[PDB]
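K.L.:
Chains as they are written, first to last, in the authors' numbering: chain A, 199 to 403; chain A', 199 to 403; chain A'', 199 to 403. A prime marks a further copy of an entry chain.
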């Protein structure tokens, strides 16, 4: 489509809108947001999220959901998909993505991020600024790999998990679903579903 | 100006001189240094720092202060500014800097570094090799973000603070002025002025 | 040479083969491997490692040894060199390598990696995804700097040492030979030969 609607005009949204602008492929980039009006960082906020169900045509707008919170991103993305909107994979020109990587709709790969050979990312993943996902990783739906986090080869990350800024994993580690790993967490073993961990090595909080 | 004088021909200076050379915009790049003579890494050392006040014309030379120590960088930069020299912001071709970032004179952004949307860097900041400054950060004057350090969104770093190699911050953290955070420090709360911290999480030393 | 044989078709091998493909300089890229047959990631496995001594001509094939294990990489690389094969330094287009860096045969520098001014890398080094080696470092033979690890200026790393994913060093630190530093290790002092360390700060295990 000629236009992109970025849902969420917070800080993450600003970065995503600049990423899209850098691609040079959209005729117009706009925000939907429920808390701010006017324009943000030079992009217009054309309305609230009610426009998605009520106004925007999937024949005119692509959608990206720029919400950091994984549960909310999931809810909005699934609603957009259900309404028939395209959810482009947005990859910054300064990211490096392997030609053998597979990346699901609605995912965003930020400046300086790397996704290596054989990795599989499901829907709505964020690989944030300078984060790396090495070969043969599996990142399930709505996972957030925060800025500067580094996953070793063969790391699996379960659905909706958040891996904090500057965190890392040892090779062949498995993180379950709904896991929170704090900034700087050093994941050296498998982490069960629903756990919050932090530290070096990462331990339950 | 056609020429650049890099003050400081140590290791940091070598990297800064190569950064400038990569820009392909200067007719000549030279060093001022007080400890070495001849040439360093193929760039001539044309004299000591006494040339700044006594010899160099601001109509012919731009200045960059390639001194890692934040206090000394401050002293020399302020002296250069007072003598009317231009202090270009030097951004490596392989850095990514947001078009909405604001960066003060004399700052240096190294290869693979990223500065994201809405960030404000004051004078004489170093964002070193592969360091990232995410959206809406504020880095005050003569801050050094060391190689591979990653600041989350909305991180504030006070004047002259040094954030060590591989360190990181959680979102919305505030580091005061004159703070030293050691290599690998994981900054998970606000850090008062003048403190030295290290560890995961970062604690006072 | 017109052709490249990548020895090792595991995950590391897949990344190395894609790196070579990105260079656009080889007429053909193939694998030797002892555990897999057919093709891997779209590159043919033309035989086992017995082809090196018995079949491949050094007048037709360049060799790279895509084995993560430093001792095995050393053994195979030294054998290839002894049989007269060229062992190109392979640098990903998205890596940044200083024009004043020196890098020994058989070394590999991955996407987003940086090697800064005055650094010296001996034979068979791996600088993995987004790892950085700052100015004036010395990395001895068959060292592996894992993804996202960051070495400060003037870091020396002894022969065959493995520096884990997301690890970092303080400036002017010396790591001995045969050292293992775990993922996330924060190297703040010198590490004697043969030691295994981990933690923040890195301590013996």
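In this text, a Cβ means the ideal position worked out from N, Cα and C, and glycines have one as well.
Please confirm whether residue 353 of chain A'' and residue 371 of chain A'' have their CB atoms less than 8 Å apart.
P.N.:
Taking the third chain and counting its residues from 1, one reaches residue 353 of chain A'' at position 155. Taking the third chain and counting its residues from 1, one reaches residue 371 of chain A'' at position 173. Yes, Cβ-Cβ distance for residue 353 of chain A'' and residue 371 of chain A'' is below 8 Å.
K.L.:
Please give me, in chain order, every unbroken run of the beta strand (DSSP E) with length at least 3 that falls completely inside the region 267-297 of chain A.
P.N.:
None, since the region 267-297 of chain A contains no complete beta strand (DSSP E) of that length.
K.L.:
Per DSSP, which residues does residue 342 of chain A' bridge with? Please list them.
P.N.:
Working through the second chain from its first residue, we reach residue 342 of chain A' at position 144. Answer is A':324, A':360.
K.L.:
Could you tell me which whole beta strand (DSSP E) segments of length 3 or greater appear in the region 226-271 of chain A'?
P.N.:
Taking only runs of at least 3 residues, the beta strand (DSSP E) segments lying wholly in the region 226-271 of chain A' are 226-230, 241-245, 259-263.
K.L.:
Quick one: does residue 298 of chain A have its CB under 8 Å from some CB of chain A''?
P.N.:
Within the first chain, the letter at position 100 stands for residue 298 of chain A. Judged by the 8 Å Cβ criterion, residue 298 of chain A is in contact with chain A''.
K.L.:
Please name the residue or residues paired with residue 399 of chain A'' in a DSSP beta bridge.
P.N.:
Counted from its first residue, the third chain places residue 399 of chain A'' at position 201. None, per the DSSP bridge assignment.
K.L.:
Using C-beta distances below 6 Å, list every residue in its chain close to residue 289 of chain A', excluding the 5 sequence neighbours before and after it, in chain order.
P.N.:
Here the question's residue 289 of chain A' lines up with position 91 in the second chain. Within the same chain, residue 289 of chain A' has close Cβ partners 295, 307.
K.L.:
For residue 252 of chain A', count neighbouring Cβ atoms within 10 angstroms of its own Cβ and tell me buried if that reaches 16, exposed if not.
P.N.:
Start at 1 with the first residue of the second chain, and residue 252 of chain A' comes out as number 54. Exposed, by the Cβ-count rule.
K.L.:
Along chain A, which residues have their Cβ under 7 Å away from the Cβ of residue 280 of chain A''?
P.N.:
The count along the third chain starts at 1 and reaches residue 280 of chain A'' at position 82. Near residue 280 of chain A'' there are no residues of chain A at all, since even the closest Cβ is about 30 Å away, more than 7 Å.
K.L.:
Have a look at the DSSP bridge pairing and note the partners of residue 372 of chain A'.
P.N.:
Walking along the second chain from the start, residue 372 of chain A' turns up at place 174. In the DSSP output, where bridge partners are listed per residue, residue 372 of chain A' has A':354.
K.L.:
How would you write the range of the alpha helix (DSSP H) that residue 212 of chain A sits in, first residue to last?
P.N.:
Within the first chain, residue 212 of chain A is the residue found at index 14, counting from 1. Per DSSP, residue 212 of chain A belongs to the alpha helix (DSSP H) from 209-221.
K.L.:
To the nearest angstrom, report how far apart residue 274 of chain A and residue 261 of chain A'' are at their CA atoms.
P.N.:
Position 76 of the first chain, counted from the start, is the residue given in the question as residue 274 of chain A. Position 63 of the third chain, counted from the start, is the residue given in the question as residue 261 of chain A''. Going by the C-alpha atoms only, they are around 50 Å apart.
K.L.:
Take the Cβ of residue 216 of chain A as the centre, count every other Cβ of all protein chains shown within 10 Å, and call the residue buried at 16 or more, exposed below.
P.N.:
The residue given as residue 216 of chain A occupies position 18 in the first chain. Label assigned to residue 216 of chain A: buried.
K.L.:
Give a yes or no on whether 8 Å exceeds the smallest Cβ distance from residue 359 of chain A' to chain A.
P.N.:
Here residue 359 of chain A' refers to the residue found at position 161 when the second chain is read from its first residue. So, not an interface residue.
K.L.:
Excluding the 5 residues flanking residue 345 of chain A on each side, which residues of the same chain have their C-beta closer than 8 Å to its C-beta?
P.N.:
For this step, residue 345 of chain A is matched to residue 147 along the first chain. Excluding sequence neighbours, residue 345 of chain A sits near 308, 326, 327, 328, 329, 363, 364.
K.L.:
Within this structure, are the beta carbons of residue 376 of chain A and residue 359 of chain A separated by less than 8 Å?
P.N.:
Along the first chain, one-based indexing puts residue 376 of chain A at 178. Along the first chain, one-based indexing puts residue 359 of chain A at 161. The answer is yes: Cβ separation under 8 Å.
K.L.:
In three-state terms, what does DSSP make of residue 348 of chain A?
P.N.:
Taking the first chain and counting its residues from 1, the one referred to as residue 348 of chain A is at position 150. Reduced to three states, the DSSP call for residue 348 of chain A is strand.
K.L.:
Pair every Cβ in the region 201-210 of chain A' with every Cβ in the region 391-402 of chain A, then say whether three or more of these pairs are closer than 8 Å.
P.N.:
The answer is no - the region 391-402 of chain A does not touch the region 201-210 of chain A', with fewer than three Cβ pairs under 8 Å.
K.L.:
Roughly how many angstroms separate the alpha carbons of residue 244 of chain A and residue 268 of chain A, rounded to a whole number?
P.N.:
Position 46 of the first chain, counted from the start, is the residue given in the question as residue 244 of chain A. Position 70 of the first chain, counted from the start, is the residue given in the question as residue 268 of chain A. Each residue's Cα considered, the two are about 24 Å apart.
K.L.:
Residues in the same chain with beta-carbon distance under 6 Å from residue 299 of chain A, minus the five sequence neighbours each way, listed in chain order, please.
P.N.:
Within the first chain, numbered from 1, the residue matching residue 299 of chain A stands at position 101. Closer than 6 Å at Cβ, skipping near neighbours: 313, 317.
K.L.:
Check the C-beta distance from residue 322 of chain A over to residue 304 of chain A and give it rounded, since I have them as a contact under 8 Å.
P.N.:
To locate residue 322 of chain A, count along the first chain from 1; it is residue 124. To locate residue 304 of chain A, count along the first chain from 1; it is residue 106. Confirmed, Cβ separation roughly 4 Å.
K.L.:
Going straight from the alpha carbon of residue 257 of chain A to that of residue 206 of chain A, what length do you get?
P.N.:
Sequence index remark: in the first chain, residue 257 of chain A carries index 59 (1-based). Sequence index remark: in the first chain, residue 206 of chain A carries index 8 (1-based). One C-alpha to the other measures close to 21 Å.
K.L.:
What are the start and end residues of the beta strand (DSSP E) that includes residue 408 of chain A?
P.N.:
Because residue 408 of chain A is not part of the residues shown, which for chain A are 199 to 403, the question remains open.
K.L.:
So that I know if they touch, is there some Cβ in chain A' lying closer than 8 Å to that of residue 388 of chain A''?
P.N.:
Counted from its first residue, the third chain places residue 388 of chain A'' at position 190. Cβ-Cβ to chain A' under 8 Å: no for residue 388 of chain A''.
K.L.:
Cα-Cα, which of A':338, A':231, A':343 is closest to residue 250 of chain A'?
P.N.:
Position 52 of the second chain, counting from 1, holds the residue named residue 250 of chain A'. The option with the nearest alpha carbon to residue 250 of chain A' is A':231.
K.L.:
If you reduce the DSSP assignment to three classes, tell me which class residue 335 of chain A lands in.
P.N.:
If you number the first chain from 1, residue 335 of chain A lands on position 137. Reduced to three states, the DSSP call for residue 335 of chain A is coil.
K.L.:
Do residue 225 of chain A' and residue 264 of chain A' count as a contact pair if the criterion is CB distance below 8 Å?
P.N.:
Your numbering for residue 264 of chain A' matches position 66 in the second chain. Your numbering for residue 225 of chain A' matches position 27 in the second chain. It is not a contact, given that the beta carbons lie outside the stated cut-off.
K.L.:
Using the beta-carbon count (16 or more within 10 Å), is residue 356 of chain A buried or exposed?
P.N.:
The sequence position of residue 356 of chain A within the first chain is 158, counting from 1. Classification for residue 356 of chain A: buried.
K.L.:
Looking only at its chain, what residues have a beta carbon closer than 8 Å to the beta carbon of residue 283 of chain A'', apart from the 5 residues adjacent to it on each side?
P.N.:
As a position in the third chain, residue 283 of chain A'' is number 85, starting the count at 1. So the qualifying residues of the chain are 250, 254, 256, 259, 260, 261.
K.L.:
To which residues of the same chain is residue 373 of chain A' closer than 8 Å at the C-beta, ignoring the five residues directly before and after it?
P.N.:
As a working note, residue 373 of chain A' is residue 175 in the second chain. Closer than 8 Å at Cβ, skipping near neighbours: 353, 354, 355, 356, 359, 361, 367, 379, 385, 388, 389.
K.L.:
Helix, strand or coil, according to DSSP, for residue 379 of chain A'' in the structure here?
P.N.:
By 1-based counting over the third chain, the position of residue 379 of chain A'' is 181. Strand.
K.L.:
Quick check: the Cα distance between residue 297 of chain A'' and residue 213 of chain A', rounded to an integer number of angstroms?
P.N.:
Within the third chain, numbered from 1, the residue matching residue 297 of chain A'' stands at position 99. Within the second chain, numbered from 1, the residue matching residue 213 of chain A' stands at position 15. Each residue's Cα considered, the two are about 10 Å apart.
K.L.:
Which residues of chain A' have a Cβ atom closer than 7 Å to the Cβ of residue 287 of chain A, listed in chain order?
P.N.:
On the first chain, residue 287 of chain A is found 89 positions in, with the first residue counted as 1. Residues of chain A' passing the Cβ test: none, with the nearest at roughly 19 Å.
K.L.:
Give the DSSP-derived three-state secondary structure of residue 386 of chain A' in the structure shown.
P.N.:
Taking the second chain and counting its residues from 1, one reaches residue 386 of chain A' at position 188. Looking at residue 386 of chain A' - three-state DSSP - the assignment turns out to be coil, as it is neither helix nor strand.
K.L.:
Find the residues of chain A that neighbour residue 327 of chain A'', judging by a C-beta separation of less than 8 Å, and give them in chain order.
P.N.:
Taking the third chain and counting its residues from 1, the one referred to as residue 327 of chain A'' is at position 129. By Cβ distance, chain A contributes 312, 314, 330, 332, 348.
K.L.:
Once the 5 residues before and after residue 266 of chain A' are set aside, which same chain residues still bring their CB inside 7 Å of it?
P.N.:
Position 68 of the second chain, counted from the start, is the residue given in the question as residue 266 of chain A'. If we look at residue 266 of chain A' and ignore the five residues flanking it on each side, its Cβ neighbours are 210, 342.
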